[PDB]
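1. first chunk of the complex, coordinates as they sit in the assembly:
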Amino acid sequence: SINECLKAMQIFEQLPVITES
Amino acid sequence: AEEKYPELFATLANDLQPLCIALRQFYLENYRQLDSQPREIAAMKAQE
């Protein structure tokens, strides 16, 4: 949600987590 | 209204990364640590 909120104006993305395996 | 305003959010994200970076690292280390241990009883019993 934080990334989506900033997606509208700024491009500074955060670090997600996926496929820990 | 077009330069200083967006910068406030930009610095906010830059100040959030230093702590979000640590939480991810801590969880992965613990999560992958447990996966090393066996799951089946037969393997676990032999270890003892």
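-> Looks like it came in fine. Numbering: from 1, shown residues only, chains lettered A, B, ... in the order given.
2. As a check, name the ranges of all helices in the chain.
-> No chain in the question, so chain A it is. A:2-7 (DSSP state H).
3. That was the other one, I meant chain B.
-> B:4-36, B:41-47.
4. can I get those helices in CSV with distance to residue A:18 and mean neighbour count?
-> To be clear about C-beta, it is placed using only N, CA and C from the backbone, and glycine gets the same treatment. Listed next are the helices of chain B as CSV, based on distance: least, Cβ to Cβ, whole Å; neighbours: other Cβ atoms under 10 Å in any protein chain shown:
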stretch, distance to residue A:18, mean neighbour count
helix B:4-36, 11, 11
helix B:41-47, 29, 9
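5. With distance to chain A as new columns, can the ones you listed be given to me in TSV?
-> Below are these laid out as TSV (distance: least, Cβ to the nearest Cβ, whole Å):
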stretch	distance to chain A
helix B:4-36	4
helix B:41-47	20
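6. Here is chain C, add it in:
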Amino acid sequence: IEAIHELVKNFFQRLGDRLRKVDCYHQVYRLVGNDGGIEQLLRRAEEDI
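-> The block that follows adds chain C to the chains above:
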């Protein structure tokens, strides 16, 4: 031997703690989704040293 272990361990943890504040560490993490193996290589080098 006992004191040497402490010396090396303290140095590496201090190096890592201060390495996460410089731009170079989080610029890459900003650009990609993974650390790039810094911790894995750093841990391996520390043990070898």
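7. what about the spatially closest residue to residue B:17 that is not a sequence neighbour, which helix or strand?
-> Nearest non-adjacent residue to residue B:17, counting by Cβ to Cβ, 6 or more residues apart in numbering or on different chains: residue C:26, 5.4 Å away. Taking DSSP states H and E as the criterion, residue C:26 maps to helix C:23-31.
8. Count residues in the vicinity of residue C:40, would you?
-> Neighbourhood size, residue C:40 [other Cβ atoms under 10 Å in any protein chain shown]: 10.
9. how close does it sit to residue B:28?
-> Counting by Cβ to Cβ, to the nearest Å, the gap from residue C:40 to residue B:28 is 12 Å.
10. For the helix holding residue C:26, list every residue counted as buried.
-> Neighbour-count burial for helix C:23-31 flags C:25, C:26, C:29, C:30 (criterion: 16 or more other Cβ atoms under 10 Å in any protein chain shown).
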